[PDB]
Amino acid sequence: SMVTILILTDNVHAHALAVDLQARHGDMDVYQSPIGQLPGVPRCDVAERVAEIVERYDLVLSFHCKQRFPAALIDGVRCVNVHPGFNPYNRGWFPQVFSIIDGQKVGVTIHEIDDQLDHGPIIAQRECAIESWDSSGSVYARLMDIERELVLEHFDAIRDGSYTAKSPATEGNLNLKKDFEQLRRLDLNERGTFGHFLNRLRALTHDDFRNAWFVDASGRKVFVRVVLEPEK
């Protein structure tokens, strides 16, 4: 416990996991970002507190981070992120949405932070299979389980720094919030295969979220989501 850890996440599941990690480890603080929406969780404005953070902490561990860390922070203290995609494929926003569409792997990756988003030396990663009946929702739920097991399994090694991280072979691709937003509008005139349309719908089905929509002939907006059930 000579290792003093700062945990940063705006994600509700990662936060719950951070709380368990706290019970287990002890010398550990949990914050969210200035724009995070977790109720009752204090906020570190990382961009301003670089000095405090470096002096005060031995390791900064973030979950699902979307902003880049300032170079000075990356230098002054060991920074690690947990991303719920399989780097370097579909880095950035909502990896399993884009993976359902393009067929690239999804999973959870624990990695050292550099100046680019979801980039740089990989500590560990597990792939998550995408079944033909999976929606974004069902995959995401599995990813959160994988994340919990992966992080818990490797916590000691992350804490102690007893790993050798390996950079991915290639740069992969990056998706941003705009990219998800563009997927949401369904163009009723677009041509494609049924499989293509079906993937589109399931990639945009996540429990109750009203993601996919079209505007009908009379100007009414209609929300679409899909239900896929494999036989017993």
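Start at 1 with the first residue shown and count on from there.
Stretches compared: 210 to 218, 21 to 29. Higher mean C-alpha B-factor in the entry: 21 to 29. Mean C-alpha B-factor is higher over 166 to 174 than over the other stretch, the pair under comparison being 195 to 203 and 166 to 174.
Remark: of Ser135, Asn87, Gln116, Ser99, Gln116 shows the highest value [criterion: C-alpha B-factor in the PDB entry]. Looking only at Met144, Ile130, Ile74, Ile110, the residue with the top Cα B factor in the deposited structure is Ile74. Compared with the other modelled residues of the chain, the Cα B-factor recorded for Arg43 ranks in the middle third. Among all modelled residues in its chain, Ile5 ranks in the highest third by Cα B-factor.
Remark: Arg159 belongs to the highest third of its chain, ranked by C-alpha B-factor as recorded.
Among all modelled residues in this chain, the alpha-carbon of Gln37 has a temperature factor (C-alpha) in the middle third. When the CA B factors of the chain's modelled residues are split into thirds, the value for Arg126 lands in the middle one.
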